[PDB]
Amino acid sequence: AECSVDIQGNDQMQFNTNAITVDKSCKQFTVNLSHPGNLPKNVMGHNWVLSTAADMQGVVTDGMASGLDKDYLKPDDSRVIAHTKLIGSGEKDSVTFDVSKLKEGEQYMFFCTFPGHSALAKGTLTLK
């Protein structure tokens, strides 16, 4: 509530929400991710990455090839509007970003870049 959202990635690779509504009146928007489970980073690590539905696929392919020290994200990926760290069981991670990096008339996708998870852990973000 306000200009933030608390989201969870479980051991079953599913976020607890498929949709995030960003109110255009927010100057900044924060996402507080938690990985409630028992599995660790290297096996079920989850990050929350934000891209345009159109770049997502390249973000994902590239992120896969970047490894864990990279959090499965390509360093200095212009396509990545925002992201948290790859966390694991019990760790938390927040991210704050400028809402002005977002424009209406665009479809944004949030997902996780850990190899193979994007197929299940993803959703939509809209500026309304």
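Heads up: residue numbers just count along the shown sequence, starting at 1.
Stretches 16 to 24 and 107 to 115 differ in mean C-alpha B factor, with the higher average recorded for 16 to 24. Comparing 48 to 56 with 61 to 69, the stretch with the higher mean C-alpha B-factor in the PDB entry is 61 to 69. In the deposited coordinates, the residue among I7, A121, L125, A1 with the greatest CA B-factor is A1.
Take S100, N42, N32, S89 and read off each C-alpha B-factor from the entry; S89 has the highest. Sort the modelled residues of the chain by CA B factor and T84 lands in the lowest third. The deposited CA B-factor of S94 belongs to the middle third of values across its chain.
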